[PDB]
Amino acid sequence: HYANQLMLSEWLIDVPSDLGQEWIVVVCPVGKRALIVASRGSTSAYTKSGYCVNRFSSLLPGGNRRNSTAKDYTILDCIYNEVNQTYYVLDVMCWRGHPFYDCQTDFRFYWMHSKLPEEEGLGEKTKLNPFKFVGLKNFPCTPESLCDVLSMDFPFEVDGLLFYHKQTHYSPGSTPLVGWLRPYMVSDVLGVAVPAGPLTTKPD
């Protein structure tokens, strides 16, 4: 079935000792989690719960009129952002038929840092690509980096931060090797200094 296909995070309560040297953080936009599947001709979006929420065309190698082939299917882990009609790419499980489930995440993240941009107008709205696909940036988890990101400006309403272990592979379901925290939470839970501002402002 198409359900339980996305790797899920857990609240990050315990702080990994090798955090700054073995983990990377991703700032996530507000939106809906989605399994994306481009296969022979078209692209389909599934919910975390497994059912299709859309079937359209995209500039992904998988489905599309112009660009298609056998086992040329591509599978992504995305967060759909309504206000921007954009599918923010979080992870890649399979590209052009090359599976990446058994690969460590820092490889997966780097592999999309360069292969997504290589697709002509993937980042723009177009007749064959009505929905934009934009890869999310990941950063180091050193104190300085965390401060950098927490003071950065994003083209979307930030929902939270995901913490990935560089070594873990891709396995569907919740896992401790992937952490989650609202931005205004890092100070307490991660015991570090942080730049005052929108992203670090706690709710009272």
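The first residue of the sequence shown is number 1, and the count goes up from there.
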| field | Mean Cα B-factor comparison, 69-77 or 100-108, giving the higher one as deposited | value | 69-77
| said: Averaging CA B factors per stretch from the PDB record, which one is higher: 57-65 or 152-160? | reply: 57-65
| When the CA B-factors of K166, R40, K32, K137 are compared as recorded in the entry, which is the largest? | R40
| request: Using the B-factors in the PDB entry, rank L116's C-alpha atom against the chain and give the third, lowest, middle or highest. | output: highest
| query | How does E124 rank on Cα B-factor within its chain, lowest, middle or highest third? | reply | highest
| said: When the deposited Cα B-factors of this chain's modelled residues are ordered and cut into thirds, is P172 in the lowest, the middle or the highest one? | reply: middle
| note | Split the chain's modelled residues into thirds by Cα B-factor; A193 lands in the highest
| query | If you rank the chain by CA B-factor, which third does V15 end up in: lowest, middle or highest? | reply | highest
